[PDB]
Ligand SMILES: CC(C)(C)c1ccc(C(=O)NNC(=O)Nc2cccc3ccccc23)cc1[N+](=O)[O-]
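This document starts with one chain, in the form deposited without the named molecule, laid out as structure tokens.
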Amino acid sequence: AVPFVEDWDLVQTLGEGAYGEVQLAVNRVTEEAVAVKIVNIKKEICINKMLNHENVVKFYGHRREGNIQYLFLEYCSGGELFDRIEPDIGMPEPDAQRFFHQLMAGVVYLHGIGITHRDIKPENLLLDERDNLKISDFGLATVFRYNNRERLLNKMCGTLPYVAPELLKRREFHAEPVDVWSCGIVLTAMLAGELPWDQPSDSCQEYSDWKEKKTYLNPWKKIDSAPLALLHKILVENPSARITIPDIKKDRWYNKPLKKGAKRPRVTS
């Protein structure tokens, strides 16, 4: 229709991953911003075409140019959740709760359509212009439910400090408690500004201390009793005993009023 509307200028590097790079693209005509992932890949596109939710990075389409694959994705101007976490501090509890609510909304959605992300961490949770959280990077994602039949997972996927202990100890495991666990590690990072362990193994002193309930130690001593009680339900070694998302939604801290709405303009007299 309108000339030049299909032209995008690649203006800045957003990250240089394993596959390739992510560029910020700006439309020559409209100045609309999109993230272009320049490159597992066939599955990532297939999974992305299934996604439509306010807390999931939108997929606009893809184009193949010989050996190069281009994925046009929602640009999140707020960057990574990772950058909002102050090292050894975390962030204000109300901000962490709001991001946690948004993360649960995204995960409920994905699980509802039978998709597991398998690599939830603050580097993959992006923020838009209004600080709304969006789950990104479906490179490691997979279908765990098809035709209402659950498929047990067996592939070692994810990032060690975020990974659930059953991935390291069992041949097969249910997909959903694995994503719930990584969400608990994200919550810990938001509230304490540190990861509790290198990996959830009995060989990890920090992991053993957590199972022994030594909450007078870091990162736990920095976390208020209400969010810490939720973490005691999420970070449970037995995935069958671990809290499910419907129950996280019933948690006392999850439902605690803490955060005021966005700073809206106001005047007096």
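Residue indices: 1-based, along the sequence shown.
There is another form of this protein, the form solved in complex with the named molecule, and it is not shown here; the text below is about that form.
The stretch in contact with the named molecule in the deposited bound form, judged by heavy atoms within 4.5 Å, is 86-94, chosen from 168-176, 102-110, 150-158, 86-94. Not displayed here, the named molecule is kept clear of residue 146 by more than 4.5 Å at the level of heavy atoms in the deposited bound form. In the deposited bound form, at least one heavy atom of residue 189 sits within 4.5 Å of a heavy atom of the named molecule. Contact annotation: residue 114 falls outside 4.5 Å of the named molecule in the deposited bound form, judged by heavy atom distances. Counting a residue when any of its non-hydrogen atoms is within 4.5 Å of the named molecule in the deposited bound form, the hits in 113-141 run 122, 123.
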